[PDB]
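Each chain, letter by letter, is given below.
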There are 2 protein chains.
Amino acid sequence: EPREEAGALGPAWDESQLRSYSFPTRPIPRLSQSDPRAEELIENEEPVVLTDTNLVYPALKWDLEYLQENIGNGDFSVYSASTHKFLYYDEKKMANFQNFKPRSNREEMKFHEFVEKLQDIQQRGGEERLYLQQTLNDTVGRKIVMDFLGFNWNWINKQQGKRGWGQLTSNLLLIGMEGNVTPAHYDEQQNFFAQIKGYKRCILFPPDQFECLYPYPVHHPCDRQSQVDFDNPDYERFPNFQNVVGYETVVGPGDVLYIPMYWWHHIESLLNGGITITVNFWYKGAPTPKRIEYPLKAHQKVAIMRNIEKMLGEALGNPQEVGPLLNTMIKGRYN
Amino acid sequence: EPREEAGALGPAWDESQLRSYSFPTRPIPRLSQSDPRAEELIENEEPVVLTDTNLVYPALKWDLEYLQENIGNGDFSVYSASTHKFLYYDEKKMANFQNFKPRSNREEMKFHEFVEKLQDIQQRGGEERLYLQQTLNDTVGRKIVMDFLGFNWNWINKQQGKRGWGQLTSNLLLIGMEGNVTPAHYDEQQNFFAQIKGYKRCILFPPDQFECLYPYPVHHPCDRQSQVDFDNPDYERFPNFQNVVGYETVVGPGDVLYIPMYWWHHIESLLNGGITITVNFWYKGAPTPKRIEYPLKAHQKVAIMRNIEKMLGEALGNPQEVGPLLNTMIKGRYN
Ligand SMILES: O=c1c(-n2ccnn2)c[nH]n1-c1cc(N2CCOCC2)ncn1
Ligand SMILES: O=c1c(-n2ccnn2)c[nH]n1-c1cc(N2CCOCC2)ncn1
Ligand SMILES: [Zn+2]
Ligand SMILES: [Zn+2]
């Protein structure tokens, strides 16, 4: 049920702005940061939407004109795709798969060019979509540095400490166009997802739904991404996608979503919602305890599978041979 | 083509004494130890039958009465089975598989008891078969120690040196009944197989026929043994057994067969051939070279698969989980 914006300004969004998919979902909880239930979820590495952290309060006034006037005359990475689905890939892994065709090229440019290229597609017909994805606190205008310093570092530093996490590895500014989709993938780091402008529908799946989501081979450029086309699922290749169940929410300005380490997430900017602005805070997870407590968590089994694949590629001297060897290993032996 | 025994004593054996199987074979070469081709085969880790090593010359006079009179009043391990197929298993691995039923029990006894139990089955109807399998040069009669010392240690020590092998790990005396079958398995050590009394048909398969022979899971008691019943191959479970091709020979008194590290071998004592006597010499292979030369040998890929299985069992804390994890890893990802 969409929430009502204050001052009787009407529904923040409506269901017609959400894409439709084949699987059921249930809501991620929206809680106050002072609510003990919210700490219990984070500590147990389950997602939660915090409504009142003020994590990026000073950034809530951010729009394009404000960022143009103040973000500086440096260069920002702009990713491009002809469709709504943005196909992220690892350039370092392209050699292993020469039959891989990048479906979303990347271009560096000054902020004002992104604003005009964005505005241009608007005044035109715009099948093409864009995504600005640049690390924060680097070569940025003094005014933004002020806003940046005004994030609620007290709260998030305390979280980092309580959860025993490692260092803040990255701050990332995302500016996207309506309908932009980042397909399902998982990350190895903890993520506080701070929404600033517009609305993003986030669909999360726990690590134990690995079997249902069919990630690419570790050595493939799309490592950690699901092979399933959520818009046209191939049930013969990916039969267990019919068993997937997600946790769903729509976050808006002022919301913070905790995406736990190894949780799949599918993120879409609402159709006809205008531009979205987001800042992610990525932290290295806490280190593995001395005594491994059994039974293993699902995400630890995922780590094991990754390591096995990495090891076989190193040992065989060729990532292409991993698949053949694994099949040799199980066929008529373990299946 | 069976060889003719000297002095016009007739054919050593005939085809009717060989069991019949579903796969083609071709002959292992019979060469003189002085033949350079024989050294080339051993060095390249391919099987060869050496006809004139005199490796166990003093043991060629061995029969049951001679061994009884001279082998000593100690205890020898006697394996038993109701059928011709002797199901060897690792007692240490039985816990992992409680649904495993040993089909061949083992009993210790004095040599004269084995001779009488053997003789008894003879005078009776004898579906039950026996196999004496005891390590040599331990608690043995002085006369046998003499014969033992008279093996051609010069020749085999030189082989050990040329091939850079490790130590002689074990000497094994085998006494078996006609029709005894040791089903297909592979060993991790080099083996000179010295035939003394009677005839054994040896069928070998190279390591690259792993795919066709379907070994048990590493953690199973029958580790390294083929799951295929050569007498009734299940082609639905083991489809690539239809592609297996073996190297075949019949070794008799005075012959030595080199079974290279990791080669599958199926060994049967000829039907209606009387008892067989054999001594195996097992050596640890040479150590892996500093710089791993690609492409890998087939037996190195086998080693990799073993290590992966061993590792997963340790990491998951449970061998039973290896199969499920491997399938999760490949299903819709690598197959
Ligand atoms: O970009 C995102 C993201 N998100 C948040 C709002 N909309 N999308 C969630 N995770 N995530 C990423 C993003 C990413 N890269 C970093 C390098 O350049 C391209 C994006 N790698 C892993 N995860
Ligand atoms: O027993 C044999 C054998 N063979 C030779 C003639 N007839 N059979 C060839 N290999 N082999 C074995 C035998 C073996 N064990 C040792 C421990 O007790 C049972 C047999 N382990 C591995 N390989
Ligand atoms: Zn991500
Ligand atoms: Zn063996």
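Conventions adopted
- Residue numbers count from 1 along every chain, following the sequence as written rather than necessarily the entry numbering; any residue without coordinates is not displayed.
- Throughout, the order in which chains and ligands are written sets their labels, letters from A for the former and numbers from 1 for the latter.
- Each side-chain value is derived from all of the structure's non-hydrogen atoms; neither hydrogens nor water enter the calculation.
- Residues with missing side-chain atoms are left out of burial classes, side-chain pairs and their counts.
- The helix and strand labels rest on DSSP assignments: H or I over at least four residues marks a helix, E over at least two residues marks a strand, and numbering proceeds from the N terminus.
- As defined in this context, the radius of gyration uses C-alpha atoms, and a globule is described by 2.2 Å times the residue total to the power 0.38.
- Residue contacts are counted whenever heavy atoms from the two residues lie within 4.5 Å of one another.
- Domain delimitation in this document rests on an assignment produced automatically or drawn from a domain database.
- Only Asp, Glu, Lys and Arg are considered charged, only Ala, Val, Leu, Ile, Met, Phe, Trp, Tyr, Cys and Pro nonpolar, and every remaining residue, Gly among them, polar.
- UniProt positions are given in the numbering used here, feature names are shortened, and annotations may be inferred rather than shown by experiment.
- Buried means the residue's accessible area, taken with a 1.4 Å probe over protein chains only, is under 20% of the maximum for its type, while exposed means over 50%, and partly exposed covers the values in between.
- Among buried residues, the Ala, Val, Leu, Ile, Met, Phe, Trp, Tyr and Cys ones that are joined through side-chain atoms within 4.5 Å form a nonpolar core.
- Near residues are defined by distance, with any heavy atom within 4 Å of the molecule or strand qualifying the residue.
- In protein, a polar contact requires one atom able to donate a hydrogen and another able to accept it; more generally it is a pair of N or O atoms within 3.5 Å, and residues adjacent in sequence count only if both atoms are side-chain atoms.
- Using a 1.4 Å probe, the Shrake-Rupley method yields the accessible areas, and only the shown protein chains count as cover for residues.
- DSSP-based pairing: two strands are paired if at least 2 bridges between them are found.
- Every angle, taken between N-to-C directions, lies between 0 and 180 degrees, and every axis is a line fitted to C-alpha atoms, over only the stretch in contact when it is a helix.
- Donor atoms: N, O and S within 2.8 Å of the metal, or within 3.2 Å for Na, K and Ca. Because water is excluded, sites can look incomplete.

1. A closer look at the overall build of chain A
Here's step 1: Of the regular secondary structure elements, chain A holds eight helices and 14 strands.
Here's step 2: Relative to the compact-globule value of 20 Å for 335 residues, chain A shows a C-alpha radius of gyration of 21 Å, a close match.
Here's step 3: Once the C-alpha set of chain A is aligned to its principal axes, its extents read approximately 65 × 50 × 40 Å.
Here's step 4: Sequence separation of at least 24 residues holds for 83% of the intrachain contacts in chain A that already meet a minimum separation of 6.

2. Looking at the domain arrangement of chain A
All names here are of chain A.
Here's step 1: Segmentation of chain A into domains returns domain 1 (1-291) and domain 2 (292-335).
Here's step 2: In this complex, domain 1 contributes 19 residues to the contact, which on the side of domain 2 involves 15 residues.
Here's step 3: In the side of domain 1 that touches domain 2, the residues fall into nine nonpolar, three polar and seven charged.

3. Notes on the UniProt feature "binding site: Fe cation" in chain A
Residue and element names in this part refer to chain A.
Here's step 1: Under the present numbering, the feature "binding site: Fe cation" in UniProt falls on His 185, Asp 187 and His 265. On the basis of their most widely separated C-alpha atoms, the annotated residues across 81 residues gather in one place, lying no more than 8.7 Å apart.
Here's step 2: Relative to the assigned elements, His 185 resides in strand β8 (residues 181-185).
Here's step 3: In this structure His 185 comes out as buried when scored by relative accessible area, which is 13%.
Here's step 4: Contacts of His 185, omitting those with residues within four sequence positions, involve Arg 224, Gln 225, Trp 263, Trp 264 and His 265.
Here's step 5: Relative to the elements of secondary structure, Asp 187 occurs in the loop between β8 and β9 (190-197).
Here's step 6: Residue classification places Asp 187 among the buried residues on the basis of a relative accessible area of 13%.
Here's step 7: For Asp 187, the residues in contact, after removing those within four places along its chain, are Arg 224, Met 261, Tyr 262, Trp 263, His 265 and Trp 282.

4. Side note on the nonpolar core
Here's step 1: Among the nonpolar cores identified, the biggest contains 62 residues, and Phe230(A), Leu312(A), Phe230(B) and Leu312(B) are the most heavily contacted of them.
Here's step 2: Going through the elements one at a time, β10 (200-205), α6 (210-213), α7 (298-315) and α8 (322-330) of chain A together with β10 (200-205), α6 (210-213), α7 (298-315) and α8 (322-330) of chain B are the ones with two or more residues in this core.
Here's step 3: Once residues lying within four places of it in the same chain are set aside, the contact partners of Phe230(B) are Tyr21(B), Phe23(B), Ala184(B), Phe205(B), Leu213(B), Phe241(B) and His266(B).

5. Structural notes on the site of ligand 2
Residues and elements named next belong to chain B.
Here's step 1: Within the structure, ligand 2 sits among 13 residues, and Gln 133, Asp 187, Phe 193, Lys 200 and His 265 are positioned closest to it.
Here's step 2: Between ligand 2 and the protein, one listed contact pairs a nitrogen atom with a side-chain N or O atom of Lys 200 at 3.2 Å.
Here's step 3: Between ligand 2 and the protein, one listed contact pairs a nitrogen atom with a side-chain N or O atom of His 265 at 3.2 Å.
Here's step 4: Burial of ligand 2 by the protein amounts to 76% of the accessible area it has alone, namely 500 Å².
Here's step 5: Those elements that provide at least two residues to the shell around ligand 2 are β6 (129-135), β8 (181-185), β13 (264-269) and β14 (276-283).
Here's step 6: When grouped by side-chain class, the residues that make up the shell around ligand 2 number six nonpolar, five polar and two charged.

6. Quick look at the sheet that holds β10(A)
Residue and element names in this part refer to chain A.
Here's step 1: If you trace the five strands from one edge of the open sheet to the other, you get β1-β11-β10-β13-β8, paired in mixed fashion. A strand with exactly one partner marks an edge of an open sheet, and here the two such strands are β1 (25-27) and β8. This sheet shows a mean twist of 25 degrees between the axes of neighbouring strands, independent of strand direction.
Here's step 2: Sheet analysis places β10 next to strand β13 (residues 264-269), joined by six bridges and oriented antiparallel. Bridging across to β13, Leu 204 finds its partner in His 265.

7. Quick notes on the site of ligand 1
Residues and elements named next belong to chain A.
Here's step 1: Ligand 1 sits among 13 residues. The nearest are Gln 133, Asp 187, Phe 193, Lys 200 and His 265.
Here's step 2: Between ligand 1 and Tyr 79, the relevant distance is 3.3 Å, taken from an oxygen atom to a side-chain nitrogen or oxygen of the residue.
Here's step 3: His 185 places a polar side-chain atom, nitrogen or oxygen, 3.3 Å from a nitrogen atom of ligand 1.
Here's step 4: With the chains in place, 76% of the 500 Å² that ligand 1 exposes on its own is no longer accessible.

8. Looking at the UniProt feature "domain: JmjC" in chain A
Here's step 1: As annotated by UniProt and renumbered to match this structure, "domain: JmjC" occupies residues 128-298 of chain A.
Here's step 2: Between the C-alpha atoms that bound residues 128-298 of chain A there is a distance of 38 Å. The span itself is 13% helix and 35% strand.

9. So, the pairing of β9(A)
Residues and elements named next belong to chain A.
Here's step 1: Where burial is concerned, most of β9 is hidden: seven out of the eight residues are buried.
Here's step 2: Strand direction decides the pairing type here: β9 and strand β14 (residues 276-283), joined by seven bridges, are antiparallel. Within β14, the position partnered with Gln 195 by the bridge is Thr 278.

10. Thoughts on the coordination of the zinc ion (ligand 4)
Residue and element names in this part refer to chain B.
Here's step 1: Protein coordination at the zinc ion (ligand 4) comes from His 185 (NE2), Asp 187 (OD) and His 265 (NE2), with a distance range of 2.0 to 2.1 Å.
Here's step 2: For the zinc ion (ligand 4), the single-chain donor residues occur in sequence as H-x1-D-x77-H. Highlighted residues: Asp 187 in the loop between β8 and β9 (190-197) and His 265 in strand β13, separated in sequence by 78 residues. Per residue, the accessibility class of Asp 187 equals that of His 265, and both read buried.

11. Examining the sheet that holds strand β3 (residues 48-50) of chain A
Residue and element names in this part refer to chain A.
Here's step 1: Within the open sheet, the nine strands sit side by side as β2-β3-β12-β9-β14-β7-β6-β4-β5. Their pairing is mixed. Where the open sheet ends on each side, the last strands, each with one partner, are β2 (30-31) and β5 (106-110).
Here's step 2: The pairing of strand β6 (residues 129-135) with strand β7 (residues 168-176) spans five bridges and is antiparallel. If you follow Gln 134 over to β7, its bridge partner there is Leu 173.
Here's step 3: Here helix α3 (residues 111-123) sits on the sheet in contact with β4 (75-81), β5, β6 and β7, set at roughly 115 degrees to β5.
Here's step 4: Where helix α5 (residues 153-162) meets the sheet, it contacts β3, β7, β9 and β14, and its direction lies at approximately 40 degrees from that of β14.

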